[PDB]
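Asker: The structure's right below; bear with me while I get my questions together.
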Amino acid sequence: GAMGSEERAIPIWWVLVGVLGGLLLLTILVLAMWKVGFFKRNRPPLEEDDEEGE
Amino acid sequence: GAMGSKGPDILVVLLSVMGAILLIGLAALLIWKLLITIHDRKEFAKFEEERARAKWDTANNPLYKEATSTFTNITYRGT
């Protein structure tokens, strides 16, 4: 046996359960990228003291 | 079940499923990437916008420093 897959059915549940976690991944990814830029400005090393200048 | 069936493999079919998750996030990644980047395009623009007018609005306007006028002062002349 080989090319044929006697499981001709393609259970969408399985795909759904995976696509469902893709929403779970979509959110963690969306955040992680949001972090790749929202954690950049949170400059915690005391940057510009008074207003902007030198 | 013990992690999917046993005779088959469920690995190949699952491999495709996982791709969708990764792809569904890569598609949303792009959309949200512009949401966080576009928030800056405004200041980034307003930034270079001020540096553009400030010059044309200072590289040739030494009348203000004087007071608020120059010519059009027709009156009793002398020297």
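Ligands are numbered from 1 in the order shown, chains are lettered A, B, ... in the order of the structure tokens, and residues start at 1 in each chain.
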Would you write out, as CSV, a table of all residues in chain A that have an atom no more than 6 Å from an atom of chain B, listing for each the closest atom pair and the distance in Å to one decimal, considering only C-alpha atoms and ordering rows by chain and rising residue number?
Answerer:
```
residue,atom,partner,partner_atom,distance
A:15,CA,B:17,CA,5.4
A:18,CA,B:17,CA,5.8
A:19,CA,B:21,CA,5.6
A:22,CA,B:21,CA,4.0
A:26,CA,B:25,CA,4.5
A:30,CA,B:29,CA,6.0
```
Asker: Can you list, as a CSV table (one decimal) with C-alpha atoms, in the first residue's frame, all residues belonging to chain A that DSSP tags as helix (DSSP H, G or I)?
Answerer:
```
chain,number,residue,atom,x,y,z
A,12,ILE,CA,-12.8,18.4,8.9
A,13,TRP,CA,-13.1,18.2,12.7
A,14,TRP,CA,-9.5,17.5,12.8
A,15,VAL,CA,-8.9,20.5,10.5
A,16,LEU,CA,-11.4,22.5,12.5
A,17,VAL,CA,-9.7,21.6,15.7
A,18,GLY,CA,-6.5,22.7,14.1
A,19,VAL,CA,-8.0,25.8,12.5
A,20,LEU,CA,-9.6,26.5,15.9
A,21,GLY,CA,-6.1,26.6,17.5
A,22,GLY,CA,-5.1,28.8,14.6
A,23,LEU,CA,-7.3,31.4,16.2
A,24,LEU,CA,-5.5,30.6,19.4
A,25,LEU,CA,-2.2,31.0,17.5
A,26,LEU,CA,-3.5,34.0,15.6
A,27,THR,CA,-3.9,35.8,18.9
A,28,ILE,CA,-0.5,34.8,20.4
A,29,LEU,CA,1.1,35.7,17.1
A,30,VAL,CA,-0.8,39.0,16.9
A,31,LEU,CA,0.5,39.7,20.4
A,32,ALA,CA,4.0,38.5,19.9
A,33,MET,CA,4.3,40.8,16.8
A,34,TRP,CA,2.5,43.6,18.7
A,35,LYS,CA,5.2,43.0,21.4
A,36,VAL,CA,8.0,43.1,18.8
A,37,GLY,CA,7.0,46.8,18.7
A,38,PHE,CA,4.9,47.5,21.8
```
